[PDB]
file my_file_22.cif (mmCIF, C-alpha atoms)
data_start
loop_
_atom_site.group_PDB
_atom_site.id
_atom_site.type_symbol
_atom_site.label_atom_id
_atom_site.label_comp_id
_atom_site.auth_asym_id
_atom_site.auth_seq_id
_atom_site.Cartn_x
_atom_site.Cartn_y
_atom_site.Cartn_z
ATOM 1 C CA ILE N 330 4.602 22.759 13.330
ATOM 2 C CA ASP N 331 2.499 25.753 12.239
ATOM 3 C CA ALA N 332 0.681 23.543 9.691
ATOM 4 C CA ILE N 333 -1.344 21.645 12.327
ATOM 5 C CA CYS N 334 -1.266 23.912 15.417
ATOM 6 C CA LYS N 335 -2.754 27.287 14.416
ATOM 7 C CA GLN N 336 -5.012 29.149 16.958
ATOM 8 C CA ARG N 337 -8.394 27.445 17.732
ATOM 9 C CA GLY N 338 -11.313 29.330 16.036
ATOM 10 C CA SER N 339 -9.534 30.977 13.102
ATOM 11 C CA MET N 340 -9.332 29.615 9.595
ATOM 12 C CA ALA N 341 -12.964 28.695 8.991
ATOM 13 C CA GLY N 342 -12.247 25.313 7.452
ATOM 14 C CA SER N 343 -15.808 24.021 7.327
ATOM 15 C CA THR N 344 -14.627 20.431 7.875
ATOM 16 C CA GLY N 345 -13.929 20.939 11.576
ATOM 17 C CA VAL N 346 -10.704 18.890 11.525
ATOM 18 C CA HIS N 347 -8.397 21.759 12.464
ATOM 19 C CA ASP N 348 -9.669 22.203 16.036
ATOM 20 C CA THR N 349 -10.095 18.532 16.918
ATOM 21 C CA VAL N 350 -6.416 17.867 16.183
ATOM 22 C CA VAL N 351 -5.258 20.794 18.305
ATOM 23 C CA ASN N 352 -7.479 19.697 21.192
ATOM 24 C CA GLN N 353 -6.204 16.121 20.952
ATOM 25 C CA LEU N 354 -2.567 17.250 20.938
ATOM 26 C CA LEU N 355 -3.106 19.534 23.938
ATOM 27 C CA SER N 356 -4.902 16.810 25.894
ATOM 28 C CA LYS N 357 -2.155 14.294 25.069
ATOM 29 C CA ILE N 358 0.907 16.400 25.927
ATOM 30 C CA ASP N 359 -0.330 17.319 29.425
ATOM 31 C CA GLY N 360 -3.512 15.687 30.708
ATOM 32 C CA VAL N 361 -5.049 13.848 33.656
ATOM 33 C CA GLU N 362 -2.603 10.958 33.291
ATOM 34 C CA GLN N 363 0.985 12.075 33.834
ATOM 35 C CA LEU N 364 4.033 11.225 31.711
ATOM 36 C CA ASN N 365 7.678 11.843 32.582
ATOM 37 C CA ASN N 366 9.639 10.224 29.715
ATOM 38 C CA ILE N 367 8.948 12.360 26.629
ATOM 39 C CA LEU N 368 10.562 15.278 24.814
ATOM 40 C CA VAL N 369 9.039 17.295 21.961
ATOM 41 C CA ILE N 370 10.923 19.579 19.558
ATOM 42 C CA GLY N 371 9.163 22.071 17.295
ATOM 43 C CA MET N 372 10.523 24.250 14.502
ATOM 44 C CA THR N 373 8.703 27.106 12.797
ATOM 45 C CA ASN N 374 9.167 30.259 10.730
ATOM 46 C CA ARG N 375 5.926 31.996 11.836
ATOM 47 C CA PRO N 376 5.871 31.847 15.655
ATOM 48 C CA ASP N 377 2.949 34.303 15.917
ATOM 49 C CA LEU N 378 0.324 31.798 14.695
ATOM 50 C CA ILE N 379 0.877 29.028 17.261
ATOM 51 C CA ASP N 380 -1.835 28.452 19.849
ATOM 52 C CA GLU N 381 -1.266 30.380 23.069
ATOM 53 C CA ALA N 382 -2.202 27.347 25.194
ATOM 54 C CA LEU N 383 0.560 25.209 23.640
ATOM 55 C CA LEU N 384 3.378 27.553 24.738
ATOM 56 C CA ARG N 385 2.647 27.819 28.466
ATOM 57 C CA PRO N 386 5.423 26.756 30.865
ATOM 58 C CA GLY N 387 3.954 23.262 31.192
ATOM 59 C CA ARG N 388 3.860 22.212 27.527
ATOM 60 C CA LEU N 389 6.622 23.943 25.489
ATOM 61 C CA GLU N 390 8.634 25.855 28.069
ATOM 62 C CA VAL N 391 11.902 26.567 26.203
ATOM 63 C CA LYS N 392 11.724 28.991 23.266
ATOM 64 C CA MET N 393 14.776 29.935 21.196
ATOM 65 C CA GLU N 394 15.479 32.300 18.305
ATOM 66 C CA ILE N 395 18.121 31.349 15.730
ATOM 67 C CA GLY N 396 19.355 34.396 13.837
ATOM 68 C CA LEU N 397 22.155 35.607 11.592
ATOM 69 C CA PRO N 398 25.719 35.233 12.918
ATOM 70 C CA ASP N 399 28.535 37.747 13.300
ATOM 71 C CA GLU N 400 32.134 37.655 12.073
ATOM 72 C CA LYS N 401 33.286 35.289 14.831
ATOM 73 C CA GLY N 402 30.529 32.873 13.778
ATOM 74 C CA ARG N 403 31.120 33.136 10.047
ATOM 75 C CA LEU N 404 34.773 32.254 10.633
ATOM 76 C CA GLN N 405 33.735 29.131 12.552
ATOM 77 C CA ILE N 406 31.270 28.092 9.842
ATOM 78 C CA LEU N 407 33.869 28.529 7.099
ATOM 79 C CA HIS N 408 36.408 26.512 9.091
ATOM 80 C CA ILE N 409 33.841 23.759 9.661
ATOM 81 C CA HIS N 410 33.105 23.560 5.939
ATOM 82 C CA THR N 411 36.757 23.779 4.780
ATOM 83 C CA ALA N 412 38.426 21.439 7.304
ATOM 84 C CA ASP Z 6 -12.999 31.584 -1.853
ATOM 85 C CA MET Z 7 -15.681 28.997 -2.668
ATOM 86 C CA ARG Z 8 -13.206 26.146 -2.161
ATOM 87 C CA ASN Z 9 -14.925 23.400 -0.170
ATOM 88 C CA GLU Z 10 -13.469 20.145 1.267
ATOM 89 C CA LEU Z 11 -15.256 16.997 2.589
ATOM 90 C CA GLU Z 12 -14.818 14.050 4.933
ATOM 91 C CA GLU Z 13 -15.949 10.465 4.441
ATOM 92 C CA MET Z 14 -18.072 7.959 6.346
ATOM 93 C CA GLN Z 15 -18.020 4.188 5.901
ATOM 94 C CA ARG Z 16 -20.575 1.379 6.029
ATOM 95 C CA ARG Z 17 -19.975 -2.370 6.262
ATOM 96 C CA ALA Z 18 -21.776 -4.715 3.887
ATOM 97 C CA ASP Z 19 -23.476 -7.576 5.702
ATOM 98 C CA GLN Z 20 -21.189 -10.536 6.339
ATOM 99 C CA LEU Z 21 -21.586 -13.757 4.363
ATOM 100 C CA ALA Z 22 -24.643 -15.471 5.957
ATOM 101 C CA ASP Z 23 -28.479 -15.307 6.291
ATOM 102 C CA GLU Z 24 -28.475 -18.164 3.803
ATOM 103 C CA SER Z 25 -26.382 -20.406 6.099
ATOM 104 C CA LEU Z 26 -29.184 -21.023 8.614
ATOM 105 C CA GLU Z 27 -31.948 -22.766 6.635
ATOM 106 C CA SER Z 28 -30.116 -25.196 4.378
ATOM 107 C CA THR Z 29 -27.493 -25.518 7.133
ATOM 108 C CA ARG Z 30 -29.865 -26.998 9.777
ATOM 109 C CA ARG Z 31 -31.334 -29.426 7.241
ATOM 110 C CA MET Z 32 -27.813 -30.410 6.183
ATOM 111 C CA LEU Z 33 -26.851 -31.108 9.803
ATOM 112 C CA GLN Z 34 -29.993 -33.164 10.442
ATOM 113 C CA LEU Z 35 -29.406 -35.250 7.314
ATOM 114 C CA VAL Z 36 -25.758 -35.748 8.308
ATOM 115 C CA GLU Z 37 -26.845 -36.990 11.739
ATOM 116 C CA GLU Z 38 -29.317 -39.433 10.191
ATOM 117 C CA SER Z 39 -26.664 -40.726 7.782
ATOM 118 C CA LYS Z 40 -24.255 -41.194 10.695
ATOM 119 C CA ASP Z 41 -26.837 -43.256 12.583
ATOM 120 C CA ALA Z 42 -27.514 -45.367 9.488
ATOM 121 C CA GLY Z 43 -23.785 -45.944 9.037
ATOM 122 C CA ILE Z 44 -23.420 -47.081 12.646
ATOM 123 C CA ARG Z 45 -26.286 -49.542 12.200
ATOM 124 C CA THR Z 46 -24.711 -50.844 8.986
ATOM 125 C CA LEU Z 47 -21.406 -51.290 10.831
ATOM 126 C CA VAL Z 48 -23.080 -53.416 13.501
ATOM 127 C CA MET Z 49 -24.988 -55.549 10.999
ATOM 128 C CA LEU Z 50 -21.889 -56.110 8.856
ATOM 129 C CA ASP Z 51 -19.840 -57.235 11.857
ATOM 130 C CA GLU Z 52 -22.578 -59.689 12.836
ATOM 131 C CA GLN Z 53 -22.721 -61.072 9.287
ATOM 132 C CA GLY Z 54 -18.948 -61.531 9.209
ATOM 133 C CA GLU Z 55 -19.056 -63.423 12.498
ATOM 134 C CA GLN Z 56 -21.801 -65.686 11.153
ATOM 135 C CA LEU Z 57 -19.840 -66.438 7.967
ATOM 136 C CA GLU Z 58 -16.763 -67.292 10.033
ATOM 137 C CA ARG Z 59 -18.946 -69.636 12.086
ATOM 138 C CA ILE Z 60 -20.254 -71.315 8.919
ATOM 139 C CA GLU Z 61 -16.729 -71.963 7.613
ATOM 140 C CA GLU Z 62 -15.821 -74.474 10.333
ATOM 141 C CA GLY Z 63 -18.921 -76.608 9.830
ATOM 142 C CA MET Z 64 -18.305 -76.545 6.082
ATOM 143 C CA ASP Z 65 -14.744 -77.813 6.511
ATOM 144 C CA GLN Z 66 -15.799 -80.471 9.022
ATOM 145 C CA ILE Z 67 -18.512 -81.879 6.752
ATOM 146 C CA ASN Z 68 -16.091 -81.959 3.814
ATOM 147 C CA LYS Z 69 -13.507 -83.879 5.843
ATOM 148 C CA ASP Z 70 -16.092 -86.303 7.237
ATOM 149 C CA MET Z 71 -17.533 -87.129 3.822
ATOM 150 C CA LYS Z 72 -14.091 -87.611 2.264
ATOM 151 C CA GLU Z 73 -12.957 -89.928 5.061
ATOM 152 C CA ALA Z 74 -16.187 -91.941 4.935
ATOM 153 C CA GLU Z 75 -15.936 -92.368 1.162
ATOM 154 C CA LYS Z 76 -12.302 -93.473 1.370
ATOM 155 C CA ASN Z 77 -13.088 -95.963 4.142
ATOM 156 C CA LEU Z 78 -16.043 -97.437 2.254
ATOM 157 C CA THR Z 79 -13.961 -97.792 -0.908
ATOM 158 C CA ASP Z 80 -11.149 -99.468 1.039
ATOM 159 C CA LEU Z 81 -13.494 -102.003 2.645
ATOM 160 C CA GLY Z 82 -15.353 -102.652 -0.611
ATOM 161 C CA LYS Z 83 -12.332 -103.851 -2.581
#

call {"tool": "encode", "arguments": {"input": "my_file_22.cif", "output": "structure tokens"}}
result
Amino acid sequence: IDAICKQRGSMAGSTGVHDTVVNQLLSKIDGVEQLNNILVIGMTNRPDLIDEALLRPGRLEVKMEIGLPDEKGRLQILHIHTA
Amino acid sequence: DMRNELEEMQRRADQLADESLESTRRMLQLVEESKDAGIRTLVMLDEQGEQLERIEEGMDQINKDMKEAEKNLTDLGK
């Protein structure tokens, strides 16, 4: 997701296509007209570059970190792959 | 860092016409005149056919009358 949703103002692409997309996405996820039948999933390696207005508790409320496992997880993974 | 990028704009070439409004009107007028002439020819041809059909009966009647008269005269003569 960090390829089309960087902060608004940075990255002086002189085309002007990198702020219009962010504005459109923000206005579509949560705008004047209300939706109640959608779900959006995002995945990124650089969470510090995402726009701060896209992560507020009304747009992308759940944030999770997936990290290295411990012994009791490595055992489960090995069992899954050797069953 | 002199790496520039661009975006494109489009223009539509004029649609196929601006020669279909001077010969077109003349074509339509000529077609209308030809249609009227064809209708008139239809009427005249029907009238002519009726007149020929009328002529046929008189033709046949005169033929029959002359043949009968000739046969009768020959029969009485001998």

call {"tool": "resolve_selection", "arguments": {"input": "my_file_22.cif", "expression": "the PyMOL selection byres ((chain N and resi 338) around 12)", "output": "list in words"}}
result
residues 334, 335, 336, 337, 339, 340, 341, 342, 343, 345, 346, 347, 348, 349, 351, 352, 378 and 380 of chain N

call {"tool": "resolve_selection", "arguments": {"input": "my_file_22.cif", "expression": "the PyMOL selection byres ((chain N and resi 376) around 12)", "output": "VMD selection string"}}
result
chain N and resid 330 to 332 334 to 336 371 to 375 377 to 381 383 to 384 392 to 394

call {"tool": "atom_distance", "arguments": {"input": "my_file_22.cif", "atom1": "CA of residue 53 (chain Z)", "atom2": "CA of residue 72 (chain Z)"}}
result
28.8 Å

call {"tool": "atom_distance", "arguments": {"input": "my_file_22.cif", "atom1": "CA of residue 11 (chain Z)", "atom2": "CA of residue 344 (chain N)"}}
result
6.3 Å

call {"tool": "interface_residues", "arguments": {"input": "my_file_22.cif", "of": "chain Z", "to": "chain N", "cutoff": "12 Å", "atoms": "all atoms listed in the file", "output": "number ranges by chain"}}
result
Z: 6-13

call {"tool": "atom_distance", "arguments": {"input": "my_file_22.cif", "atom1": "CA of residue 358 (chain N)", "atom2": "CA of residue 370 (chain N)"}}
result
12.3 Å

call {"tool": "axis_aligned_box", "arguments": {"input": "my_file_22.cif", "around": "region 14-24 of chain Z", "padding_each_side": "6 Å", "output": "AutoDock Vina command-line options"}}
result
--center_x -23.2 --center_y -5.1 --center_z 5.1 --size_x 22.5 --size_y 38.1 --size_z 14.5
